[PDB]
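Asker: One structure, as structure tokens, below. Some questions next.
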Amino acid sequence: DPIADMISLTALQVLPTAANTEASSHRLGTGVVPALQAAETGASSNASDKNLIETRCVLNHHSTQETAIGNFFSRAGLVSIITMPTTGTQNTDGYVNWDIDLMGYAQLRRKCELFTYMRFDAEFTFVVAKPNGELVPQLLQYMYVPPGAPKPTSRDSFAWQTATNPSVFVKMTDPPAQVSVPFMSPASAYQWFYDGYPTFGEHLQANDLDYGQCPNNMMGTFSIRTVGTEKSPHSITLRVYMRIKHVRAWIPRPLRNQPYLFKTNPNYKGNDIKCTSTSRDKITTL
Amino acid sequence: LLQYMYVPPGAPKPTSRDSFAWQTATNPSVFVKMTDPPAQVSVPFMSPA
Amino acid sequence: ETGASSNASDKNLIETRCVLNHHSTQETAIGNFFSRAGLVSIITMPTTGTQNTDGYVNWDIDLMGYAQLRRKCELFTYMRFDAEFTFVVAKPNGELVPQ
Amino acid sequence: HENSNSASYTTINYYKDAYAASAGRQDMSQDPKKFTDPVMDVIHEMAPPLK
Amino acid sequence: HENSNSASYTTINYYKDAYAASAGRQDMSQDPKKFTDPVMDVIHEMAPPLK
Amino acid sequence: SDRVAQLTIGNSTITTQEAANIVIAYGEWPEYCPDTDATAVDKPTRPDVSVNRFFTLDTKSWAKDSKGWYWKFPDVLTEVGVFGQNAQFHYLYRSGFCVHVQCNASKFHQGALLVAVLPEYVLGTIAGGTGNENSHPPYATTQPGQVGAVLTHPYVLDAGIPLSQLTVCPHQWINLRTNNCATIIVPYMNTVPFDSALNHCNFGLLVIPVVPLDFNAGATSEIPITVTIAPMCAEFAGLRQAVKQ
Amino acid sequence: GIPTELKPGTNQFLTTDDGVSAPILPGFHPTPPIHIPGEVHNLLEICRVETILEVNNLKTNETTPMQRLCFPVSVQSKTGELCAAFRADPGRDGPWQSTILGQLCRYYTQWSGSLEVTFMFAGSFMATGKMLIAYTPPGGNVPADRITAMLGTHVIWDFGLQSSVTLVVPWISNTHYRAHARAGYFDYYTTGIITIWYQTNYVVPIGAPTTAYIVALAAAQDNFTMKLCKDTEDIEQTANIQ
Amino acid sequence: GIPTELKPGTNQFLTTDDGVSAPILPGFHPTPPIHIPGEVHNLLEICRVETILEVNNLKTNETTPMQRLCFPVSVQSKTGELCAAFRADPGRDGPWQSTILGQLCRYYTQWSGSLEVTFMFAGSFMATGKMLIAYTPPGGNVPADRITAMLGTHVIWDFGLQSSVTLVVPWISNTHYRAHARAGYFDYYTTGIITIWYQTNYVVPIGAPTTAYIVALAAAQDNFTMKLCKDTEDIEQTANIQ
Amino acid sequence: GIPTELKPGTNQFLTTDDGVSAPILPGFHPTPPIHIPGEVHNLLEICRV
Amino acid sequence: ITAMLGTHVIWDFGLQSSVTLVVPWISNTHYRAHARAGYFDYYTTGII
Ligand SMILES: CCO/N=C/c1ccc(OCC[C@@H](C)CCN2CCN(c3ccncc3)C2=O)cc1
Ligand SMILES: CCO/N=C/c1ccc(OCC[C@@H](C)CCN2CCN(c3ccncc3)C2=O)cc1
Ligand SMILES: [Cl-]
Ligand SMILES: [Cl-]
Ligand code: NA
Ligand code: NA
Ligand code: NA
């Protein structure tokens with residue numbers, strides 16, 4: 001050989017129940033000090049009940065299953081309200097195009113933002129009715145328009161031929177429509193936070209709205225209409241619910257503690273910065 | 001169309017018909033029509049005791 | 001000129017690394033390309049007007065009336081297949097009545 | 001059998017695509033150490049974490 | 001059993017006629033050569049295709 | 001045997017006689033991208049010692065009223081040494097990092113700095129104060145370069161998230177009475193095997209004085225904080241002409 | 001057709017129902033996964049991580065929130081003085097709200113297990129002192145003095161090379177689980193009170209600050225679990241999100 | 001009857017649902033199949049076939065479209081001149097639209113793999129010359145000059161008995177898949193730029209044309225796949241079809 | 001879909017019907033039981049007193 | 001920020017009073033003659 005120079009301390013465990021407590025007695029000695037720690041290392045304390053007090057034995061059968069990320073997320077929650085009025089400002093044309101973005105509602109958003117990256121399949125349920133909750137015999141069409149596919153421009157656009165895009169035809173009187181959706185990102189996981197820009201070039205203040213936008217999260221358009229060449233006399237409200245399933249999450253982060261202002265960024269109300277915890281008068285009184 | 005929601009102790013109770021709580025992202029909710037058969041669900045033993 | 005496409009591959013023109021490619025080729029199987037229901041006919045039956053106000057309509061079967069589905073089929077010269085036909089019916093404004 | 005196109009073991013399914021399957025029973029695997037004790041010299045519980 | 005009257009292996013069916021069956025999982029068979037290299041003297045990848 | 005330490009990589013060596021162990025973010029060591037995860041087909045270039053070495057960025061001055069600072073990776077080095085050059089000439093890049101924040105005082109000074117690594121550190125604005133203006137951070141704030149930037153609202157990390165929970169991320173404390181440095185080894189984290197060193201910052205480094213600096217009049221008042229970092233397992237692919245942004 | 005009979009439940013939509021739904025893209029294959037550090041499987045993994053406790057959550061701090069992240073200690077002229085006090089109730093409004101443990105346990109109705117609070121002294125190397133940290137189980141209000149607090153579970157902390165100390169808040173309850181404690185009937189689930197007293201005094205030589213601070217970090221122990229998933233109170237949508 | 005409960009999804013019609021439907025003609029038997037050449041099983045079979053690329057897609061060509069099928073090369077008086085340039089983005093509006101690969105990949109949302117472009121010189125036998133064909137990965141605009149383009153992936157083509165040459169456009173991306181590139185956010189998926197330069201010059205003796213043409217053919221390599229079936233933009237029904 | 005035919009009884013709600021209903025809290029685990037004196041299994045046990 | 005690009009050691013004061021900077025032999029020739037201003041600067045070792 002002519003040139004010599006050319007030649008994870010963590011594993012998963014199955015913990016179905018909470019740790020038991022072993023009985024301990026008194027310890028009176030030197031050299032050993034379990035109560036003293038050094039938080040500077042970045043590690044959490046390893047001290048346990050038996051190190052600081054005399055304990056009895058407790059056979060703990062308390063389950064740890066409900067805190068599995070799967071059971072935390074697999075509960076359908078509202079992610080969009082699409083209205084289609086008959087008279088007024090909004091689309092009175094009998095059709096609506098909605099760009100898919102699940103960051104419009106707080107409850108579900110705060111739960112997802114607990115993690116940086118998430119990969120999952122989802123069950124979407126479509127609850128439709130009139131603005132006052134009544135139901136009428138109306139035929140509807142829901143169509144998924146992937147990025148790059150022609151978006152319908154009217155109630156009779158050719159796009160509704162849906163020869164390749166997946167469509168769902170259902171009556172407002174039928175039960176809520178429901179379908180399963182796979183993990184569709186071009187990347188290996190969706191990311192609720194993208195500290196970067198989508199393209200190269202200079203980033204002048206005129207295009208600062210690009211910051212934080214990652215195409216890997218842009219899944220396309222969800223189009224809906226009333227099936228017919230004539231206008232429908234009924235106002236329609238579509239509530240979309242998403243249920244995460246077969247989920248995997250990476251990198252936990254601090255939970256949102258300021259009200260949400262916009263879908264596409266973490267901006268907060270600067271003049272009214274809420275304190276994470278409520279306050280009191282003195283530090284020595286409850 | 002009706003919505004039934006279970007609000008466990010400590011969870012925010014809806015204050016109006018449009019309260020955010022109805023987003024029911026974690027609480028269990030049941031959506032059903034008055035014309036559908038009676039809704040029905042199973043509930044476990046939930047006491048802390 | 002031979003009529004053949006180039007047989008040159010990445011490794012022939014540049015220095016390559018090893019890539020274990022697990023990308024599926026299943027979605028481009030002609031079966032998944034075609035087995036998606038698409039519109040092939042709109043048959044109207046008006047009560048008053050020019051068209052059949054007699055309460056019946058005869059339609060000669062021809063699937064070439066709509067572009068999306070037609071362009072996909074015409075990608076091939078010959079095709080053999082079974083088909084699932086779905087019939088969505090309603091009033092011109094999308095309402096439904098006990099008919 | 002079915003297509004292995006699930007985003008990610010005791011699930012139910014009636015369609016050819018795996019992602020259509022239910023959520024199934026959640027497993028109880030954990031690895032707290034990567035978050036609670038990500039230090040090189042694994043500090044013990046008896047002697048002082050600095051010496 | 002059923003009638004073998006399908007237009008054309010992992011399908012589902014509840015009727016006596018095979019064509020009523022679902023589409024089933026698609027196979028991943030291919031034969032690019034008949035379209036990309038339909039020449040008599042199979043041209044190699046090393047030496048020039050004409051000599 | 002835990003307070004003393006030496007970090008030697010490339011032609012550089014760091015020493016410290018008052019450390020508090022070392023943190024391996026999420027318990028994983030940096031590593032080159034394996035063939036199963038890779039997608040780009042060209043052979044990568046792995047410069048080794050010319051880019052995996054320690055680089056010392058500008059020093060900051062810790063004052064009794066400092067809010068805190070932050071830097072973004074790999075932005076901080078995109079224009080330094082042979083690392084920067086490879087980052088500019090190649091479209092694709094990936095690597096880990098060894099972060100060593102330094103700060104020494106005297107046995108009479110006091111104060112505690114929280115040094116943390118927050119991946120995908122997306123910043124937010126105060127929305128015009130009232131919250132009716134959908135304003136966005138300027139390029140100079142999202143990617144402050146080697147000089148780093150100052151936090152205006154450390155309590156919410158300028159992003160609507162509680163600083164009190166930042167310890168859920170790989171971190172160390174530099175508590176003056178205990179240690180004079182912090183060391184965190186960070187592996188590559190992304191949803192893709194390689195990425196642009198220019199358009200995407202994988203994580204941000206935050207140094208925040210949670211316990212204010214304090215000392216009696218007469219004691220040295222210039223208490224600097226220096227940041228030294230070293231890329232680890234730096235790989236590059238998609239060679240072409242140099243591009244600065 | 002096969003004889004069937006529709007039962008109650010028919011047509012309903014239960015948001016937590018775990019059923020099967022028709023797939024929209026037959027034959028679709030997700031992008032393969034790649035290794036990514038930091039995967040989590042159970043929220044309990046996060047609950048075991050220490051986060052800063054806002055013990056100094058005063059009304060006069062709100063405009064300068066950074067000051068809530070640590071409380072002071074200083075040279076006393078009187079002995080046995082009370083330094084600070086707060087409830088141990090992890091899901092109650094107060095100091096615990098700032099911890100990842102408090103926020104996460106607000107997504108569950110019930111919890112069980114021992115808690116742990118680690119205090120880190122951030123004074124100068126020359127400063128010394130001994131503190132008495134106590135945990136008083138349900139029943140007694142904030143102990144009037146040190147000689148009373150001393151009767152409960154406690155740790156006598158001595159400053160030195162080891163900057164921190166850990167007060168264990170052992171699970172001492174009548175019920176196997178506790179729901180979140182609030183004023184009224186639910187105070188039945190209160191965990192207790194934590195108080196910090198001066199065992200000796202904060203002593204310092206000439207040339208060193210006569211006031212220093214302590215950072216409190218809290219988390220759950222290995223026997224901690226939560227159950228009965230619910231929506232949190234800590235987040236609301238007052239207005240629309242554009 | 002057997003106890004059943006209708007779940008959400010009931011009565012809906014999903015156009016991609018792969019279920020079973022009652023047969024209209026019981027006992028019917030299709031005409032037997034007979035052998036027919038040219039059967040295809042996967043669109044990928046067609047994507048691997050080279051089709052003509054419209055590199056010379058000018059506005060002044062539209063009225064005489066045949067001219068878009070080939071671009072010119074000719075005797076230069078200056079050195080290192082740029083002959084032509086175009087994006088490599090297979091599903092983007094531009095030259096690739098004319099290829100069967102471009103048209104077919106517009107029926108899918110995402111694609112992955114290496115591309116391949118073969119250039120055939122159609123000048124006279126007496127003409128000679130050397131061209132520098134380059135592929136610039138994302139990041140840099142069209143290279144200002146040859147000495148800059150030369151820094152990326154490239155092939156130096158020499159005219160001779162072998163009329164053609166192949167430029168490989170190796171898959172160099174950050175993501176495993178790319179969605180179709182367009183101006184705006186989706187430019188994140190741009191593949192790059194291809195430029196053709198004069199390495200030496202197009203030389204010819206007396207008696208031969210001083211201008212000749214080159215035909216560009218493109219196709220996908222063996223590691224190419226597409227996913228997420230969608231409708232194309234390249235076909236519309238403006239009016240009714242009688 | 002599988003051929004079915006709804007029979008009389010459909011949609012009715014019999015208060016003594018012993019069927020199955022969807023669970024509202026997936027993965028929920030009841031507080032473990034503990035020994036308690038005086039358990040009864042059949043009303044006949046009380047009738048004999 | 002420029003010196004930092006060469007061979008270096010970051011020294012921290014403590015119980016160990018001293019530190020060692022190694023001046024590794026980095027030359028083109030196997031040997032060096034003594035360096036002086038002029039032609040012989042070809043043998044210069046470098047700067048500390
Ligand atoms: C036949 C019609 O039925 N189709 C329904 C449907 C529903 C959802 C569809 O895609 C949903 C995509 C979501 C599962 C994920 C959307 N994401 C991914 C991450 N992301 C996001 C948003 C804002 N900032 C960062 C990330 C998102 O909004 C497509 C079709
Ligand atoms: C109980 C009533 O339900 N029956 C429904 C039904 C539907 C379709 C029926 O036949 C459909 C034939 C199509 C599958 C193929 C029609 N073709 C074959 C090729 N072709 C065509 C058209 C124009 N130019 C060349 C070929 C056609 O239009 C018959 C009955
Ligand atoms: Cl239509
Ligand atoms: Cl609502
Ligand atoms: Na369903
Ligand atoms: Na059917
Ligand atoms: Na039931």
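Starting from 1 in every chain, residues are counted up; chains themselves are A, B, ... following the order of the structure tokens, and ligands are numbered from 1 as listed.
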Apply DSSP to the structure's backbone, then extract all residues of chain D labelled helix (DSSP H, G or I) and return them as a ChimeraX atom specification.

Answerer: /D:18-20,33-36

Asker: Could you write out the selected residues, including C-alpha atoms, as a JSON list (two decimals), in the first residue's frame?

Answerer:
[["chain", "number", "residue", "atom", "x", "y", "z"],
["D", 18, "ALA", "CA", -52.37, -0.32, 1.60],
["D", 19, "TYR", "CA", -52.79, 3.37, 2.46],
["D", 20, "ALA", "CA", -56.56, 2.81, 2.38],
["D", 33, "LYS", "CA", -32.62, 8.78, 25.80],
["D", 34, "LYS", "CA", -32.10, 10.55, 22.45],
["D", 35, "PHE", "CA", -33.94, 13.55, 23.93],
["D", 36, "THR", "CA", -33.16, 13.31, 27.65]]

Asker: Near residue 44 (chain C), counting only C-alpha atoms, which residues have an atom at most 10 Å away, once you skip same-chain residues fewer than 2 positions from it, shown as a PDB file with C-alpha atoms, in the first residue's frame?

Answerer:
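And here is the file that came out, result.pdb:
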ATOM      1  CA  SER C  41     -71.731  11.282 -22.995  1.00  0.00           C
ATOM      2  CA  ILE C  42     -74.328  13.781 -21.791  1.00  0.00           C
ATOM      3  CA  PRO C  46     -86.065  18.358 -21.790  1.00  0.00           C
ATOM      4  CA  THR C  47     -89.781  18.882 -21.082  1.00  0.00           C
ATOM      5  CA  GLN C  51     -85.243  18.217 -28.252  1.00  0.00           C
ATOM      6  CA  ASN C  52     -87.221  15.106 -27.257  1.00  0.00           C
ATOM      7  CA  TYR C  56     -87.476   9.128 -24.312  1.00  0.00           C
ATOM      8  CA  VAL C  57     -84.092   9.386 -26.048  1.00  0.00           C
ATOM      9  CA  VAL C  89     -78.669  11.439 -13.374  1.00  0.00           C
ATOM     10  CA  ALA C  90     -80.303  14.640 -12.080  1.00  0.00           C
ATOM     11  CA  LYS C  91     -82.220  17.765 -13.190  1.00  0.00           C
ATOM     12  CA  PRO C  92     -80.363  20.385 -15.310  1.00  0.00           C
TER      13      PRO C  92
END

Asker: Go through the chains and note each residue within 10 Å of ligand 6, using only C-alpha atoms and all ligand atoms, then give the set as a list in words.

Answerer: residues 84, 85 and 86 of chain C; 20 and 22 of chain E; 13, 17, 18, 19, 20, 21, 22 and 23 of chain H; 1, 2 and 3 of chain I

Asker: Once you have the residues from the selection above, write them out as a PDB file, in the first residue's frame, restricted to C-alpha atoms.

Answerer:
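Okay, this is what ended up in result.pdb:
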ATOM      1  CA  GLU C  84     -67.637  -0.208 -16.050  1.00  0.00           C
ATOM      2  CA  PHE C  85     -70.377   2.266 -16.903  1.00  0.00           C
ATOM      3  CA  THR C  86     -71.791   4.574 -14.247  1.00  0.00           C
TER       4      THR C  86
ATOM      5  CA  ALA E  20     -67.609  -8.237 -13.849  1.00  0.00           C
ATOM      6  CA  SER E  22     -62.425  -5.482 -10.612  1.00  0.00           C
TER       7      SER E  22
ATOM      8  CA  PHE H  13     -69.166   7.605  -6.650  1.00  0.00           C
ATOM      9  CA  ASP H  17     -62.673   3.369  -7.161  1.00  0.00           C
ATOM     10  CA  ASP H  18     -61.856  -0.168  -8.369  1.00  0.00           C
ATOM     11  CA  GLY H  19     -64.918  -2.173  -7.366  1.00  0.00           C
ATOM     12  CA  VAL H  20     -67.220  -4.799  -8.816  1.00  0.00           C
ATOM     13  CA  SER H  21     -70.347  -4.155 -10.909  1.00  0.00           C
ATOM     14  CA  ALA H  22     -73.141  -6.447 -12.104  1.00  0.00           C
ATOM     15  CA  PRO H  23     -72.567  -7.885 -15.633  1.00  0.00           C
TER      16      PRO H  23
ATOM     17  CA  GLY I   1     -70.128  -4.239  -3.950  1.00  0.00           C
ATOM     18  CA  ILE I   2     -71.402  -7.384  -2.213  1.00  0.00           C
ATOM     19  CA  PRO I   3     -75.102  -8.084  -2.910  1.00  0.00           C
TER      20      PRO I   3
END

Asker: Counting only C-alpha atoms and all ligand atoms, what residues are within 9 Å of ligand 5, given as a compact mmCIF listing (two decimals) with N, CA and C atoms, in the first residue's frame?

Answerer:
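File produced: part12.txt:
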# COMPACT_ATOMS: atom_id res chain seq x y z
N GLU A 123 -57.31 10.52 5.93
CA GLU A 123 -58.68 10.19 5.60
C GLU A 123 -59.44 11.51 5.59
N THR A 125 -62.96 13.56 5.11
CA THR A 125 -64.41 13.41 5.16
C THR A 125 -65.02 14.76 4.75
N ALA A 177 -69.17 12.23 2.26
CA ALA A 177 -68.27 11.46 1.40
C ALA A 177 -66.98 11.26 2.20
N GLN A 178 -66.24 10.19 1.90
CA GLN A 178 -65.00 9.92 2.61
C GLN A 178 -64.02 9.13 1.75
N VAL A 179 -62.77 9.56 1.71
CA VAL A 179 -61.77 8.88 0.90
C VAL A 179 -60.40 8.89 1.58
N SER A 180 -59.53 7.97 1.18
CA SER A 180 -58.18 7.89 1.72
C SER A 180 -57.22 8.54 0.73
N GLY G 19 -61.92 3.57 10.65
CA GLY G 19 -62.35 2.65 9.62
C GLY G 19 -61.53 2.68 8.35
N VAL G 20 -62.09 2.13 7.29
CA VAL G 20 -61.42 2.07 6.00
C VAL G 20 -62.16 2.94 4.99
N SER G 21 -61.41 3.62 4.13
CA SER G 21 -61.98 4.51 3.12
C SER G 21 -61.33 4.22 1.77
N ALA G 22 -62.12 4.36 0.70
CA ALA G 22 -61.65 4.11 -0.66
C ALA G 22 -60.47 5.02 -1.02
N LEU H 6 -74.01 1.46 8.10
CA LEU H 6 -73.45 2.21 6.97
C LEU H 6 -72.47 3.29 7.45
N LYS H 7 -71.30 3.33 6.83
CA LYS H 7 -70.25 4.29 7.20
C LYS H 7 -70.10 5.41 6.17
N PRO H 8 -69.40 6.50 6.56
CA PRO H 8 -69.20 7.62 5.64
C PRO H 8 -68.58 7.06 4.35
N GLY H 9 -69.04 7.54 3.21
CA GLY H 9 -68.55 7.05 1.94
C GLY H 9 -69.74 6.44 1.21
N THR H 10 -70.70 5.94 1.98
CA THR H 10 -71.91 5.35 1.43
C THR H 10 -72.54 6.19 0.31

Asker: Please report as an MDAnalysis selection string which residues of chain A come no farther than 7 Å from chain D, using only C-alpha atoms.

Answerer: chainID A and resid 10:16 31:34 36:38 43:44 46:47 64:65 68 70 119:121 180 182:183 245:247

Asker: I need the chosen residues saved as a PDB file, in the first residue's frame, with C-alpha atoms.

Answerer:
ATOM      1  CA  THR A  10     -29.979   5.131  21.464  1.00  0.00           C
ATOM      2  CA  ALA A  11     -32.261   2.167  20.770  1.00  0.00           C
ATOM      3  CA  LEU A  12     -36.025   1.632  20.792  1.00  0.00           C
ATOM      4  CA  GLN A  13     -37.718  -0.279  23.609  1.00  0.00           C
ATOM      5  CA  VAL A  14     -41.286  -1.458  24.027  1.00  0.00           C
ATOM      6  CA  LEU A  15     -42.731   0.132  27.161  1.00  0.00           C
ATOM      7  CA  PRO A  16     -46.428  -0.839  27.370  1.00  0.00           C
ATOM      8  CA  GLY A  31     -19.041   9.819  47.421  1.00  0.00           C
ATOM      9  CA  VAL A  32     -22.502   9.046  46.005  1.00  0.00           C
ATOM     10  CA  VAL A  33     -24.912  11.967  45.359  1.00  0.00           C
ATOM     11  CA  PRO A  34     -27.942  11.217  43.066  1.00  0.00           C
ATOM     12  CA  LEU A  36     -26.944  16.681  42.633  1.00  0.00           C
ATOM     13  CA  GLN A  37     -27.046  17.342  38.873  1.00  0.00           C
ATOM     14  CA  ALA A  38     -25.413  19.546  36.218  1.00  0.00           C
ATOM     15  CA  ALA A  43     -29.221  16.333  29.899  1.00  0.00           C
ATOM     16  CA  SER A  44     -32.367  16.016  31.995  1.00  0.00           C
ATOM     17  CA  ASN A  46     -31.674  11.052  36.064  1.00  0.00           C
ATOM     18  CA  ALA A  47     -32.812  11.204  39.715  1.00  0.00           C
ATOM     19  CA  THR A  64     -48.721   4.285  27.722  1.00  0.00           C
ATOM     20  CA  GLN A  65     -50.701   3.559  24.570  1.00  0.00           C
ATOM     21  CA  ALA A  68     -48.493   7.190  21.041  1.00  0.00           C
ATOM     22  CA  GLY A  70     -50.738   7.717  16.334  1.00  0.00           C
ATOM     23  CA  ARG A 119     -45.091  11.783   6.950  1.00  0.00           C
ATOM     24  CA  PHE A 120     -48.570  10.281   6.775  1.00  0.00           C
ATOM     25  CA  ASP A 121     -51.634   9.097   4.869  1.00  0.00           C
ATOM     26  CA  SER A 180     -58.178   7.891   1.721  1.00  0.00           C
ATOM     27  CA  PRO A 182     -51.631   8.735   0.269  1.00  0.00           C
ATOM     28  CA  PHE A 183     -48.419  10.558   1.159  1.00  0.00           C
ATOM     29  CA  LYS A 245     -53.147   7.781   9.879  1.00  0.00           C
ATOM     30  CA  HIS A 246     -49.930   5.721   9.432  1.00  0.00           C
ATOM     31  CA  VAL A 247     -48.003   8.685  10.820  1.00  0.00           C
TER      32      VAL A 247
END

Asker: Collect all residues with atoms no farther than 6 Å from ligand 4, counting only C-alpha atoms and all ligand atoms, and output them as a PyMOL selection string.

Answerer: chain B and resi 18+22-23

Asker: So that I have them on file, write out the residues from the current selection with N, CA and C atoms, as a compact mmCIF listing (two decimals), in the first residue's frame.

Answerer:
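result_24.txt was written with the following content:
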# COMPACT_ATOMS: atom_id res chain seq x y z
N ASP B 18 -70.61 29.01 16.52
CA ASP B 18 -69.41 29.04 15.69
C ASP B 18 -68.12 29.03 16.50
N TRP B 22 -65.66 23.74 18.07
CA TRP B 22 -66.34 22.82 17.16
C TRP B 22 -65.41 22.28 16.08
N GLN B 23 -64.18 22.78 16.05
CA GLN B 23 -63.18 22.30 15.10
C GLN B 23 -62.89 20.84 15.48

Asker: Kindly work out which residues sit at most 7 Å from ligand 1, using only C-alpha atoms and all ligand atoms, and give the list as a PyMOL selection string.

Answerer: (chain A and resi 100-103+121-122+124+142-144+166-168+179+181+190-193+217-219+222+263-264) or (chain G and resi 24) or (chain H and resi 14)

Asker: Would you save the residues from that selection as a CSV table (one decimal), in the first residue's frame, using N, CA and C atoms?

Answerer:
chain,number,residue,atom,x,y,z
A,100,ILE,N,-55.2,23.7,-1.6
A,100,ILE,CA,-55.1,22.9,-0.4
A,100,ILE,C,-54.0,23.5,0.6
A,101,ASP,N,-54.4,23.9,1.8
A,101,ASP,CA,-53.6,24.4,2.8
A,101,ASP,C,-54.3,24.1,4.1
A,102,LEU,N,-53.7,23.2,5.0
A,102,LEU,CA,-54.3,22.8,6.2
A,102,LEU,C,-54.0,23.8,7.4
A,103,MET,N,-53.3,24.9,7.1
A,103,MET,CA,-53.0,25.8,8.2
A,103,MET,C,-54.0,26.9,8.5
A,121,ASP,N,-50.5,9.3,5.8
A,121,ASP,CA,-51.6,9.1,4.9
A,121,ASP,C,-52.8,9.8,5.6
A,122,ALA,N,-53.9,10.1,4.9
A,122,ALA,CA,-55.0,10.8,5.6
A,122,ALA,C,-56.3,10.4,5.0
A,124,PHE,N,-60.0,11.9,4.4
A,124,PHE,CA,-60.7,13.1,4.3
A,124,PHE,C,-62.2,12.8,4.3
A,142,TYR,N,-66.8,16.7,-6.4
A,142,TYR,CA,-65.6,17.1,-5.8
A,142,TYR,C,-64.5,16.6,-6.7
A,143,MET,N,-63.5,17.4,-7.1
A,143,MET,CA,-62.5,16.9,-7.9
A,143,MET,C,-61.1,17.4,-7.4
A,144,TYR,N,-60.1,16.4,-7.4
A,144,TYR,CA,-58.8,16.7,-7.0
A,144,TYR,C,-58.0,17.1,-8.2
A,166,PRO,N,-59.0,12.3,-10.0
A,166,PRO,CA,-60.0,11.6,-9.3
A,166,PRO,C,-61.2,12.5,-8.9
A,167,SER,N,-62.4,12.1,-9.1
A,167,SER,CA,-63.6,12.9,-8.7
A,167,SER,C,-64.5,12.1,-7.9
A,168,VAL,N,-65.3,12.8,-7.1
A,168,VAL,CA,-66.3,12.1,-6.2
A,168,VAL,C,-67.7,12.8,-6.5
A,179,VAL,N,-62.8,9.6,1.7
A,179,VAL,CA,-61.8,8.9,0.9
A,179,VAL,C,-60.4,8.9,1.6
A,181,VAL,N,-56.3,9.3,1.3
A,181,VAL,CA,-55.3,10.0,0.4
A,181,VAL,C,-53.9,9.5,0.9
A,190,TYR,N,-43.6,15.8,4.8
A,190,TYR,CA,-44.1,17.1,4.7
A,190,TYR,C,-43.3,17.9,5.8
A,191,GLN,N,-43.1,19.2,5.7
A,191,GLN,CA,-42.5,20.0,6.7
A,191,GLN,C,-43.3,21.2,7.0
A,192,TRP,N,-43.6,21.4,8.2
A,192,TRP,CA,-44.4,22.6,8.6
A,192,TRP,C,-43.6,23.8,8.7
A,193,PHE,N,-42.3,23.7,8.6
A,193,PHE,CA,-41.3,24.8,8.7
A,193,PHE,C,-40.2,24.6,7.7
A,217,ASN,N,-44.7,21.0,-0.1
A,217,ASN,CA,-45.9,21.0,0.7
A,217,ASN,C,-47.2,21.4,-0.1
A,218,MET,N,-47.0,21.9,-1.3
A,218,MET,CA,-48.1,22.3,-2.2
A,218,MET,C,-48.7,21.2,-3.0
A,219,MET,N,-49.8,20.7,-2.5
A,219,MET,CA,-50.4,19.5,-3.1
A,219,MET,C,-51.5,19.8,-4.2
A,222,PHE,N,-58.4,21.7,-4.8
A,222,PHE,CA,-59.6,20.9,-4.6
A,222,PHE,C,-60.7,21.7,-5.2
A,263,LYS,N,-51.8,32.0,7.5
A,263,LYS,CA,-51.6,30.6,7.2
A,263,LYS,C,-50.1,30.2,6.8
A,264,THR,N,-49.5,31.1,6.0
A,264,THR,CA,-48.2,30.8,5.5
A,264,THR,C,-47.0,31.2,6.3
G,24,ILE,N,-58.0,7.2,-3.4
G,24,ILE,CA,-58.2,8.0,-4.6
G,24,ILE,C,-57.3,7.8,-5.8
H,14,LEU,N,-66.7,7.4,-6.6
H,14,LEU,CA,-65.3,7.8,-6.8
H,14,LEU,C,-64.9,7.3,-8.1

Asker: Do you know which residues are within 9 Å of ligand 3 using only C-alpha atoms and all ligand atoms? Can you write them as a count of residues only?

Answerer: 14

Asker: List all protein, DNA and RNA residues that have at least one atom no more than 8 Å from any atom of ligand 2, counting only C-alpha atoms and all ligand atoms, and write them as a ChimeraX atom specification.

Answerer: /C:61-64,81-83,85 /H:24
